[PDB]
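Engineer: quick one: initial chain(s) of a complex, as found there:
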Amino acid sequence: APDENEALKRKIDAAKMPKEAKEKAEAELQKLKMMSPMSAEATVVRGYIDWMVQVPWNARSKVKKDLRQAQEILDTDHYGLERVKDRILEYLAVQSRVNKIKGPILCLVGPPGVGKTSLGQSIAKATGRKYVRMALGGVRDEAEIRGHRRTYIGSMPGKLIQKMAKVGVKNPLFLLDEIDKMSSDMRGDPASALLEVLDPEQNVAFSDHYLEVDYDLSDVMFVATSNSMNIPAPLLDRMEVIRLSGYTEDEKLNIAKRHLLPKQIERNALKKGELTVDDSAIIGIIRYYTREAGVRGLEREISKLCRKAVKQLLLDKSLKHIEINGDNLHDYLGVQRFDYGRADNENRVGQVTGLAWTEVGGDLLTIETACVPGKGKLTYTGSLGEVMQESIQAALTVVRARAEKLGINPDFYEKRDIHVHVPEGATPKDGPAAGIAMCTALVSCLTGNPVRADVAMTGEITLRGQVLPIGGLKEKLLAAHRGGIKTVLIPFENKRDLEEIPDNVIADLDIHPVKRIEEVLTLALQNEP
């Protein structure tokens, strides 16, 4: 009745609306023409009108059809990686026929600190669609994806509806960040709602608590990102998992010299000829200032360098240029915090270096064994399961069978207790891939032979002394390369897998395929036995 109800009514006629939009517009019209000073009644309908005007329809982004430009765009996002972009291109080709996905959503998984956001932005630019993000981590209620009931003012729509209202296109690139961090603790499981907004048979008629009228969401492209492969079962359908990994020394150096350095220089309001960093400084930072698979440490170190350089040049008008090399780098970072190289490790007896497979990239572990006098009981530490128990039992049996050859007293399992400690045993690794490590440590404790340093080993063991194949050799090799380990012992059955590993990692490490316990004991111990 008042003037407000008139102006709002115009917002319904000044915007073109399809059948569903016309239906919700008619509903709002029936809800309009009422008293404007009505507390919590006119404001909610006004907000609904604004949302409808903001909801996209009869308009979309010009989606590109050529694939060459998509490849050229994907080649300049972070580094290219020559591995994941190819898969992306494949998906684009499958989508180069119709506007209907009818399949996966190109899910990305890997350790944090990689080009996930960069890949999403590159895909948005290649597809010619607007970019929009939404975080799935920490979500535990359907009230986060969907809105509230059609009631008094304050019942704002869900995050998805808000993002769609802000992005006035019917075919945007909706990114789903931290899908593995989503939980279900407030109102059932919100995964169902996600399915309703992701399944091509349900997104066309997706209904919201506030926007009860069905909205067409089949043209919206969705992309999910995660850190681990522990994606909920209902969210695993219609999804393709693409695993990402770390980078090598030269790869990280090129990445830093291509985007990290220019971005940090432009962010700190620096000039083109104010700071010059060579490759020696970056190498020193990667070797003694960061230990990870991503480039987060490099970014933080470059930011600190830029800030310190700006402060030093500002307080000294006589300084015209600042150059940081591999020698004065410490002057801006301090004492080194990490060690590179195992040449001066002073090889020990009870300690063994092994490779561990982790969902965020493999790492290095130092397993220990203690053989003290007792009655023969077995003790283990590191939150190990039954698999580790049977593996230790098999290793003990192998040691008992080869004690005569190794010079071990056959009565060691009767008058001496064994305690095996495996640090970070709760790693997301299904299977006791450290069998050879524990066996070598046991042989060392019983014989006193120090385990040769700068040597890494991983793989399963049997009761007859045979080595079984394992998975995730790329991550373990990358971890050994970052840790400065040159000698790596892997099972023989995994030799055929080396053909799928780039030469940049194999040319730096010395791999020796083994299949028996005697070979690992000969190549790992300092002496012959």
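Structural biologist: Right, received. Where do you want to start? Residues are numbered from 1 along each chain as shown, chains lettered A, B, ... in the order given.

Engineer: got a list of what residue A:17 touches?
Structural biologist: Residue A:17 makes contact with A:25, A:52, A:57-58, according to Cβ atoms under 8 Å, 6 or more residues apart in numbering. For every residue, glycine as well, the C-beta is placed using N, CA and C.

Engineer: Tell me how far the residue lying closest to residue A:403 once chain neighbours are set aside lies from residue A:392.
Structural biologist: Counting by Cβ to Cβ, 6 or more residues apart in numbering, residue A:410 is the residue found nearest to residue A:403 once chain neighbours are left out, at 5.3 Å. Distance, residue A:410 to residue A:392, by Cβ to Cβ, to the nearest Å: 19 Å.

Engineer: what's the answer for residue A:104, then?
Structural biologist: Distance from residue A:104 to residue A:392, by Cβ to Cβ: 41 Å.

Engineer: Between the two, which is the more surrounded one?
Structural biologist: Neighbours per residue (other Cβ atoms under 10 Å) separate residue A:104 from residue A:392, with residue A:392 holding more: 25 against 17.

Engineer: in what helix or strand does that one lie?
Structural biologist: Assigning secondary structure by DSSP states H and E places residue A:392 in helix A:386-401.

Engineer: Equivalent analysis for residue A:250, please.
Structural biologist: Residue A:250 belongs to helix A:249-255, assigned by DSSP H and E.

Engineer: Format the CA atom coordinates belonging to that helix as PDB.
Structural biologist: This file holds the C-alpha atoms of helix A:249-255, laid out as PDB (Å, rounded to 0.1, in the frame of the first residue of the first chain):
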ATOM      1  CA  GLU A 249      64.900 -28.100  -6.400                       C
ATOM      2  CA  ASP A 250      65.100 -26.800  -9.900                       C
ATOM      3  CA  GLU A 251      61.300 -26.800 -10.200                       C
ATOM      4  CA  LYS A 252      60.900 -24.800  -7.000                       C
ATOM      5  CA  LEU A 253      63.700 -22.400  -8.100                       C
ATOM      6  CA  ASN A 254      62.000 -21.800 -11.500                       C
ATOM      7  CA  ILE A 255      58.600 -21.300  -9.700                       C
END
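
Engineer: That one - contacts with which helices or strands?
Structural biologist: helix A:279-288 (3 or more Cβ pairs under 8 Å, 6 or more residues apart in numbering; DSSP states H and E).

Engineer: quick one on the thing from earlier: list the contacts for the residue nearest to residue A:403?
Structural biologist: Contacts of residue A:410 by Cβ under 8 Å, 6+ apart are A:400, A:403-404.

Engineer: one more, chain B:
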Amino acid sequence: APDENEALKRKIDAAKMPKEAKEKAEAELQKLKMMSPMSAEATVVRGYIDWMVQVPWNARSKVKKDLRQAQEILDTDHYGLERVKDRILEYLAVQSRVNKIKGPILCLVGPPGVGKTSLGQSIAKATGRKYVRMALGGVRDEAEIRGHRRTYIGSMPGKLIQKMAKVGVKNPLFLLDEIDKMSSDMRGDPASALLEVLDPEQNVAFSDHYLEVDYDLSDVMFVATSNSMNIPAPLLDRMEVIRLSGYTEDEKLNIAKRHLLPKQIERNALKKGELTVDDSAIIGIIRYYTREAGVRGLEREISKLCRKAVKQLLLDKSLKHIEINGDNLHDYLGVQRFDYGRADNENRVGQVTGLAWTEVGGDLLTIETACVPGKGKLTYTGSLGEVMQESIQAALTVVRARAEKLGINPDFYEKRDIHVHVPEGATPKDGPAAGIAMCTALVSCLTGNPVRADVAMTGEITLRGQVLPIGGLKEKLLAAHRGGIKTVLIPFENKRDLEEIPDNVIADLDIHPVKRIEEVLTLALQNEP
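Structural biologist: Once chain B is put in with the chains from before, the structure reads:
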């Protein structure tokens, strides 16, 4: 009183309703004609009215009466299998007289990756009834099958009521997927509700929390599917179990060339003359790229091939056709991940190959035995029970009785400890069917005779050296065929069961019925003893 209460009232008169529907309509009418702006009061009654209008009655699907068309439809679902479809036809014949089931629900069980959904859709098409699915896995509360109490808005009906409202027919095909995955952890056991909706004496008057008025559900046909035979006892009544199994090489090849390839080609938006795959590529994929009973691996590999072919042909306008054979297949899949054939296995002593019966299809296991110096204690690994203990004891007794004939020192059980390892001993197999395997491995450890490779064995043993019959020979034979094993040793009493196995599996394997331990020791060991 307002205009809304009027329109809603019309929805009660514009739809024909039986006695029960008229009763719930009268209840809603008594609940209607109230204030429409009543928060959580008018919306719930409006939803109830919509549900009632959507609930089916006085309308049904034209159920077919002929059986020839049903057989023709069942012959084109996945492959036909010539085994389960027959049983289905039998059920249809029993149902070709009246619309009352009064019996089982045609429960299907088998390993994942088979034509379960295809069988359900084929049954729906043959019976002329609409198809609808509902997943039973993960259900742990009665609030999932039934609705909520008749209270404020938000108390939506159960999944069953929603499916019935969406499918406007009184006789639909309700599929119950993952019945073995259902649990009872939130509100008692929902199985009771299932019975109320499945028992012909209770479905006619099935009451819901939201739809408190009894609804006739006797004309609704129910079908359940599962993976294992561990169906809850209350849900086992009025149910017929139909077990499914894997497929052979030629069967999988025909299935891939009949539906997998066309479906994957149509899904990837491919043309009729864009990709051509021969039988060599499919054979190579089944032999070195997948090890299962279903066709999931084949589907994934064909999808990857189609995606790679689309990307390769799109980025190369000069390419007119892509042909993948048994040689260039690796170019699209990489290095082989599985091994086929045991000819180059390099027969070992302490290892023995055996067949294992599993609820999702039999598989191959490698049992090991270690004879180390000690006092004669017995150790076992693989989460074995008392049955395995008594079986190992019987095998040890047989070895002690035949040590003189086999050349074993009679004092082996007094100065040497034995450790038997059975990988994946927790298999759902009731009975130590690996007696001969453990006995042969023990004889090998004590004598050093390597067990001939490419040989499989399974069966029970006694104290006198007699072999007892076992069950599940089809699954074990299929596993041996997939693993590339030609020599299979089975008990003599099971010979009469070979007549129930198709020739496609027997013509590829060399079965030798045995009844004594001497025959298995002669046909399994490399030498005579």
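
Engineer: Could you re-examine the contacts of residue A:410 with chain B now present?
Structural biologist: A:400, A:403-404, B:373 (Cβ atoms under 8 Å, 6 or more residues apart in numbering or on different chains).

Engineer: Show me which of those are buried.
Structural biologist: Buried members of the contacts of residue A:410, scored by 16 or more other Cβ atoms under 10 Å in any protein chain shown, are A:400, A:403.

Engineer: So which of the contacts of residue A:410 are in helices?
Structural biologist: Among the contacts of residue A:410, DSSP state H puts A:400, A:403-404 in helices.

Engineer: what's the closest of those residues to chain B?
Structural biologist: Using Cβ to the nearest Cβ, residue A:400 comes nearest to chain B of the ones in helices among the contacts of residue A:410, at 4.9 Å.

Engineer: thinking again about what came up before, got CSV for the ones in helices among the contacts of residue A:410, with distance to residue A:196 too?
Structural biologist: Putting the ones in helices among the contacts of residue A:410 into CSV (distance: Cβ to Cβ, whole Å) gives the following:
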residue, distance to residue A:196
A:400, 60
A:403, 64
A:404, 68
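
Engineer: so which of these are also by chain B?
Structural biologist: By Cβ under 8 Å from any Cβ of the partner chain, the members of these lying near chain B are residue A:400.

Engineer: how about the residues of chain A near chain B?
Structural biologist: A:67-68, A:71, A:86, A:89-94, A:96-98, A:102-103, A:149-151, A:386, A:390, A:393-394, A:397, A:400-401, A:410, A:462-464, A:466, A:496-497, A:499-500.

Engineer: about what we covered before: after the helix holding residue A:250, which helix or strand is next?
Structural biologist: Note on helix A:249-255: by DSSP H and E, the next helix or strand toward the C-terminus is helix A:261-267.

Engineer: What helices and strands are in contact with that next one?
Structural biologist: In terms of contact count using 3 or more Cβ pairs under 8 Å, 6 or more residues apart in numbering or on different chains; DSSP states H and E, helix A:261-267 is assigned the packing partners helix A:296-314.

Engineer: Nearest residue to the residue in the stretch 51-200 of chain A that chain B sits nearest to in space, please, no chain neighbours.
Structural biologist: Residue nearest to chain B within the stretch 51-200 of chain A: residue A:97 (3.7 Å; Cβ to the nearest Cβ). Leaving out its chain neighbours, the residue that sits closest to residue A:97 by Cβ to Cβ, 6 or more residues apart in numbering or on different chains is residue B:269, at 3.7 Å.

Engineer: same deal with residue A:301?
Structural biologist: Nearest residue to residue A:301 in three dimensions, chain neighbours excluded: residue A:285, at 4.8 Å (Cβ to Cβ, 6+ apart).
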